[PDB]
Amino acid sequence: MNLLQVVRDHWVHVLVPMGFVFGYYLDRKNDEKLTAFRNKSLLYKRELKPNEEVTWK
Amino acid sequence: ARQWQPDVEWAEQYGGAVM
Amino acid sequence: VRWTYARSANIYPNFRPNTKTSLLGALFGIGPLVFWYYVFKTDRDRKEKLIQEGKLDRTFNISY
Amino acid sequence: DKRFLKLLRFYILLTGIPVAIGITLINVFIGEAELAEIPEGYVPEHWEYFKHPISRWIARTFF
Amino acid sequence: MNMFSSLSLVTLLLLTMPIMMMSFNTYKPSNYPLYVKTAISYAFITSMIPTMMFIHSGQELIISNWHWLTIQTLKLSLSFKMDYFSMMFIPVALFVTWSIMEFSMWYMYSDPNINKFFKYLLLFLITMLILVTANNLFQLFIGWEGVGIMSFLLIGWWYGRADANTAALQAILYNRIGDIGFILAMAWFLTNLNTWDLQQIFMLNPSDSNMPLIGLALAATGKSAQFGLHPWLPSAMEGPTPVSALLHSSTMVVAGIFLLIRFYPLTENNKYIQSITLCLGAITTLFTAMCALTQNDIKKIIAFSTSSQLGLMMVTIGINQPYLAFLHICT
Amino acid sequence: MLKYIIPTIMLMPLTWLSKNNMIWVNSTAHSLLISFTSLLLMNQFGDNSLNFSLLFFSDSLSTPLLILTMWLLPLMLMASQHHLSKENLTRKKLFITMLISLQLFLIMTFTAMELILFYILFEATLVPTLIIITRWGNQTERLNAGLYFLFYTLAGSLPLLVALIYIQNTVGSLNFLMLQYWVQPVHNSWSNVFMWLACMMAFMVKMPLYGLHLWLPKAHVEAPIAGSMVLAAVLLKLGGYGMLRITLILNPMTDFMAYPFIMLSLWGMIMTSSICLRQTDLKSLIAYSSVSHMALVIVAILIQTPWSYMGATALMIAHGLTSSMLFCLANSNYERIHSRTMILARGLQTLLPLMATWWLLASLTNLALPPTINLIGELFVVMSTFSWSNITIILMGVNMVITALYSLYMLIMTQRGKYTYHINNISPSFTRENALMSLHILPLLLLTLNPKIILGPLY
Amino acid sequence: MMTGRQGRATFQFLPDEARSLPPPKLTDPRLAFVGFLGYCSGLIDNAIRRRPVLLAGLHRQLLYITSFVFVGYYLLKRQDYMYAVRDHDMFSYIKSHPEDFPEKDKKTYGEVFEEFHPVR
Amino acid sequence: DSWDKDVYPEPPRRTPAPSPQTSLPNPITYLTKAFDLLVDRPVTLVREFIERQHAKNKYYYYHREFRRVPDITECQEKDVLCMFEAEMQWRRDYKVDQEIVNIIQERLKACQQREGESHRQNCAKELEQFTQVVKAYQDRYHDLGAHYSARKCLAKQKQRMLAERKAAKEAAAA
Amino acid sequence: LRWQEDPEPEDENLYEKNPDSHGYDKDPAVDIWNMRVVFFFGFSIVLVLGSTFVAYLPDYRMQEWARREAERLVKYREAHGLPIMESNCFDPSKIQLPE
Ligand SMILES: CCCCCCCCCCCCCCCCCC(=O)OC[C@H](COP(=O)(O)OCCN)OC(=O)CCCCCCCCCCCCCCCCC
Ligand SMILES: [Zn+2]
């Protein structure tokens with residue numbers, strides 16, 4: 001009813017949901033370092049659209 | 001039943017000079 | 001309890017390697033393995049020979 | 001046993017019924033896409049190569 | 001066509017609705033046995049409409065509606081073959097089951113689990129129709145094993161009886177021995193013909209067919225209780241009499257014969273198999289009929305009569321008269 | 001794979017920092033959320049695997065194993081509540097910490113792109129597994145079961161460590177993608193005969209191979225229910241997954257080096273299926289049942305055909321859910337009669353009508369009743385082995401007969417006949433027990449509708 | 001094997017040439033793991049001496065974390081320096097001995113014959 | 001309209017005209033009229049309403065097209081970057097060839113059912129095309145093993161080409 | 001006795017004190033919430049939404065595309081007299097057989 005015994009017995013429920021966001025965040029970071037062949041493969045290479053700078057991020 | 005834990009017979013195997 | 005205990009846990013401490021246990025162990029333990037090895041090795045050697053020669057019918061054999 | 005089977009039905013239908021209704025509405029008022037040739041000089045998004053609206057949403061959102 | 005195909009599939013779907021409603025959708029235990037029976041009554045009527053069309057213009061069609069799985073160059077689809085054999089056996093099986101269920105309401109009136117008994121009977125009917133209407137071997141195998149498992153559950157209906165469990169497990173034991181032939185047949189067709197569909201099996205029409213047909217013959221032996229795997233059919237007279245009337249006397253044991261009939265385009269070009277089927281059936285009809293001359297139990301006597309009849313059907317396959325074997329099944 | 005590694009690690013703080021009476025509720029709820037997110041791994045392409053980073057990747061072979069691993073953790077927590085209900089709070093949390101750390105190693109094992117990283121995590125599952133058996137096992141034999149479980153695996157693993165490092169020096173990399181392109185054939189020499197054995201015997205002992213299985217009746221019987229579920233559902237599949245990878249760099253020597261292991265497997269499954277017809281211990285009967293199903297997988301991997309690799313993947317996932325379910329069913333009885341003898345409690349269908357329905361479904365899938373994925377996987381392997389040699393149909397068929405005999409024998413001894421008169425404490429099945437069985441069978445029967453997601457990379 | 005390297009910097013933790021290499025980032029994952037090991041040491045210290053594990057002596061826990069991170073930073077600088085030196089020597093030696101590291105004649109799989117082993 | 005008729009050919013239909021020789025009422029005709037009224041008509045109305053909603057919200061999906069890249073024959077030894085693109089293309093073409101065998105098999109199975117008892121003669125065209133494609137599929141993608149790849153396929157081809165080259169030479173020796 | 005050891009405790013039947021027990025915990029408040037999380041997250045989310053998610057995967061393993069591509073090639077090759085499928089996956093011109 002009051003945070004004195006609510007926000008202390010239920011704060012642990014953000015641990016796992018927050019670990020997923022943080023993990024999803026670091027997965028995107030790895031993609032930033034693996035761009036050596038972005039828009040440079042013989043199969044999918046093309047010209048950039050009128051409004052874009054990277055085909056994927 | 002209840003989980004088994006060593007008794008005196010079992011432990012005294014490890015109380016000798018050698019195994 | 002005594003029935004199940006003798007059937008499982010009291011067998012090895014009462015086992016002695018002798019003529020009876022040794023001969024039965026090989027006949028029933030190693031005999032079938034050697035038998036089936038020559039049945040299958042002979043069969044596959046035979047079949048592999050035909051396929052190389054071209055004498056085995058594999059007209060529509062595209063699933064393996 | 002009867003209590004369990006009623007709990008199981010309740011929780012299967014708690015989200016099953018909304019999904020069943022939701023899929024029906026999409027199929028009626030949105031429907032599947034239509035196979036069309038790639039317009040000259042047009043590069044589709046990776047999710048525009050799929051037909052069903054849910055498939056496109058799954059590809060666009062998660063994959 | 002539209003009416004023919006639509007009325008052919010509704011017969012199968014109609015039989016599933018009583019099973020679906022067991023998930024506490026519409027609840028009426030008092031009349032549930034009557035509910036199942038009425039469904040069979042309507043299933044017979046609808047099935048007759050495709051049957052009358054076939055009688056008129058000899059119309060037959062395949063319905064490959066659902067694409068289930070594709071293993072490289074083997075496309076498996078849920079295919080129903082509505083043809084001479086299916087268009088004629090479905091009305092007969094439903095007509096007989098219609099009478100069996102109505103009889104069951106009287107015979108099994110005092111059974112506490114009569115609702116379970118009628119669900120099990122209907123489950124067998126669905127599996128048999130999958131077996132009868134199968135267009136490829138894998139779908140035929142679903143019904144093949146389905147009827148066997150439903151036989152086990154109904155043979156051992158009174159499970160407090162040590163002698164009924166033995167009969168049920170004995171039926172599984174013997175039928176499983178025959179399934180070795182069925183798996184063997186499936187393996188040969190995939191290896192050589194690269195298919196499990198009966199359309200492509202007949203179109204390629206292999207000449208060397210002793211192995212696949214020996215597999216089917218072995219499968220027929222266990223399912224139809226031919227000599228060698230016969231003893232389970234008399235033993236199957238341990239469950240309720242209605243089970244004996246529907247499965248192990250009229251509709252289930254004719255699965256082995258029905259399989260060889262479905263493959264008649266291969267057998268008729270192979271005289272070696274006809275000799276084996278002829279001799280196997282001949283001993284079965286003589287032996288089982290001979291065992292019925294001195295039996296005392298009334299159910300046992302009819303069982304040994306059924307085995308004798310099945311032996312006669314196998315003889316008919318062995319003389320290259322597949323359609324007479326089927327006509328004997330219906331009659 | 002950090003979107004699954006990090007959440008799994010956060011289950012340890014969640015367990016220790018939660019209220020005393022909420023350790024089971026909170027761990028179960030959040031471990032089910034993790035399992036829900038693992039379905040995002042099914043973004044599989046027909047030509048290329050889903051390569052995340054330099055460390056981790058996930059193709060169609062790893063994805064079904066990952067979902068099975070993360071799905072079992074909540075099921076293991078439901079099972080363990082009864083026998084841990086009267087244990088010290090800190091030790092209850094240490095037990096849970098062991099299970100989480102075991103899931104952490106498994107998902108990294110199934111996704112490691114580098115075989116030495118695979119070996120470390122493959123070998124790291126031993127510590128949490130051994131601790132579960134020896135600490136929270138119930139009998140005196142648990143201590144002897146851990147040693148058998150420990151030195152059988154290590155006796156085979158340590159040679160694998162030498163072989164893996166040897167391959168890196170010769171090839172220059174243990175990255176799996178690199179090996180797919182730089183692989184060279186294995187010449188027939190005595191030196192390569194022992195390279196082949198080193199690469200395989202580690203994975204054979206974990207399957208296990210007939211002959212090297214004596215540790216499995218001990219470890220799968222003396223372990224708690226939570227230990228027995230992971231041991232039989234996933235940890236036996238580290239051997240299967242390992243062979244499905246390492247056989248890439250072992251051709252063409254696998255053509256003849258597989259004969260002794262095919263004979264041990266083809267004949268072994270008849271031997272172990274027959275053992276189940278005379279087992280006096282219900283849990284031990286289920287353990288010996290695993291050796292027979294895993295014998296088909298060994299044969300499936302050693303013949304190297306597309307139909308065999310599709311069958312092996314389906315067999316592993318199918319047996320994963322079935323074996324886990326059977327142990328749970330046998331454990332529900334044990335929590336009432338507190339004995340593993342099969343012939344002690346009989347006619348239980350009279351007292352537990354719904355639990356007998358689970359017994360029927362568990363047995364039907366065990367004996368591979370179609371169209372269950374249990375039958376699909378077994379059927380595919382039979383077709384592939386028939387092309388390998390037509391005579392194998394005799395052994396495969398005989399095992400189907402024996403398999404159905406002991407499956408129904410287990411169902412008839414405990415669920416039929418007459419109830420044991422002097423057992424008067426067969427209380428009605430709890431909701432926890434009933435829900436535990438549904439979470440096994442229901443996903444198992446749903447995969448029949450769309451089985452292509454468990455058919456592996458060669459689909 | 002690099003004990004007698006020509007670099008005349010003997011018994012130096014970080015030779016002056018190591019200052020040409022980038023330092024580890026303070027957010028380096030290796031440095032975060034070292035800091036984490038310090039936190040575990042803090043908690044284990046509380047447990048063996050029977051103190052509230054998470055709360056007791058926050059002053060002492062911080063010194064564990066700081067001490068580990070501080071030492072870890074320099075061990076990472078020396079770790080990266082030693083690997084940088086390893087590559088420097090390897091490339092210099094390959095350049096000084098071109099005959100031992102020739103550029104192989106390139107071939108394509110359309111020209112190289114590889115034996116085929118059927119799986120049947 | 002729904003599917004291309006060139007890929008899945010169907011011969012033109014021929015329905016015999018009714019020529020009754022009985023005064024009794026043919027029940028099928030009466031049932032046919034009833035089915036077209038109580039089943040076909042209500043279904044079409046629902047479909048027409050559904051179809052109109054689809055036309056309101058109209059959108060397209062495109063068939064992905066892969067530009068050809070150098071194949072394994074043009075890749076240098078132990079060049080992963082070139083081999084990777086060559087191998088992925090080979091795997092894609094492997095899937096397409098698997099479905100081509102399905103298209104031909106579908107035609108073969110469709111012919112057998114359509115022609116009834118005359119299939120063994122009227123379906124010789126389908127059988128011959130089926131035999132040709134299967135043999136082409138067998139020569140390229142069979143016996144490669146579970147760990148198949150472009151490299152393994154190329155090696156099998158070179159083995160077949162060498163035997164053909166030697167077989168012609170050996171025969172021409174006589 | 002050989003030592004001072006507590007007598008073995010008897011089992012506790014959760015039905016005796018809480019006839020509505022779900023088998024999860026002694027505490028009725030915890031027992032009910034243990035059941036709700038298992039059923040909601042186990043059945044209502046993973047099995048139902050996971051089933052729907054798997055049903056609508058965007059062309060898993062590219063199998064539907066290969067069917068359209070095969071139709072396009074079959075139409076193209078039959079319209080030009082080319083063989084439906086050739087026995088060589090690679091043009092022999094690029095192959096340089098030994099000697
Ligand atoms: C439970 C205790 C343990 C039991 C152990 C298992 C039983 C052991 C029995 C003794 C061993 C017998 C096997 C002998 C080796 C096989 C020789 C043989 O006769 O094979 C027949 C047939 C040949 O096929 P192929 O592979 O091409 O070899 C040709 C070589 N010229 O091979 C085939 O093509 C496969 C034919 C399979 C036939 C069906 C399986 C037989 C059992 C059927 C049920 C019983 C009915 C028997 C009558 C039907 C016989 C088909
Ligand atoms: Zn207990």
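Residue numbers start from 1 in every chain, and the chains themselves are labelled A, B, ... in the order their sequence lines are given, proteins ahead of strands.
When heavy atoms are compared at a cutoff of 4.5 Å, F:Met310 approaches chain E solely by way of its side chain, counted from C-beta outward. Proximity to chain E is absent for every atom of F:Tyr419, based on heavy atoms less than 4.5 angstrom apart. Neither the backbone nor the side chain of F:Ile402 comes within less than 4.5 Å of any heavy atom in chain E. With a threshold of 4.5 angstrom between heavy atoms, F:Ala368 approaches chain E through N, CA, C or O but not through any side-chain atom.
Shown here for F:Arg416 and E:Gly156, the closest heavy-atom pair between the two residues is NH1-O, 3.5 Å. Closest of all the heavy-atom pairs between F:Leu367 and E:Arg176 is O-NH2, 2.9 Å. Between F:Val401 and E:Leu173 the shortest heavy-atom distance is CG1-O, 4.4 Å. Heavy atoms only, all atoms of each residue included: E:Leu169 and F:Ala404 are closest at CD1-O, 4.4 Å. Across all non-hydrogen atoms, the minimal contact from F:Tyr459 to E:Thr70 is CE1-O, 3.3 Å.
For the pair F:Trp307 (side chain) and E:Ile71 (backbone), a donor-acceptor distance under 3.5 Å is absent.
F:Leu360 CG to E:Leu153 CG: the interatomic distance, rounded to the nearest 0.5 Å, is 5.5 Å. Here CE of F:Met400 is found 6.5 Å from CD of E:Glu145. Values are rounded to the nearest 0.5 Å. Note that CG of F:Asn399 is 10.0 Å distant from CD1 of E:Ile180, once rounded to the nearest 0.5 Å. Atoms CG and CZ, on E:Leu190 and F:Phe380 in that order, are 9.0 Å from each other to the nearest 0.5 Å. Expressed to the nearest 0.5 Å, how far CG of F:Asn390 lies from CH2 of E:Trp188 amounts to 10.5 Å. The CH2 atom of E:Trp68 sits 10.0 Å away from atom CG of F:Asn450, with the distance rounded to the nearest 0.5 Å.
Top candidate by heavy-atom pairs under 4.5 Å with chain E, chosen from F:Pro306, F:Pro371, F:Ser384, is F:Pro371. Most heavy-atom pairs under 4.5 Å with chain E: of the set F:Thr448, F:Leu458, F:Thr385, this distinction falls to F:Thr448.
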(request) May I have the step-by-step check of side chain to side chain contact (heavy atoms under 4.5 Å, CB included) for E:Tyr159 and F:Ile412, ending in yes or no? (result) CA-CA 9 Å; E:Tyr159 61 81; F:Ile412 285 171; over 6 Å; no
(message) Using side chain to side chain contact (heavy atoms under 4.5 Å, CB included), reason through E:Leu69 and F:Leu455 one step at a time and then give a plain yes or no.
(response) CA-CA 10 Å; E:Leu69 191 59; F:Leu455 291 178; 3.6 Å; yes
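Side chains of F:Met396 and E:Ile183 form no contact here, defined as non-hydrogen atoms less than 4.5 Å apart. Inter-residue side-chain proximity for E:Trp196 and F:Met383 is flagged as met; some heavy-atom pair is nearer than 4.5 Å. A 4.5 Å side-chain heavy-atom check between F:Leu364 and E:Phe152 finds every atom pair outside the cut-off.
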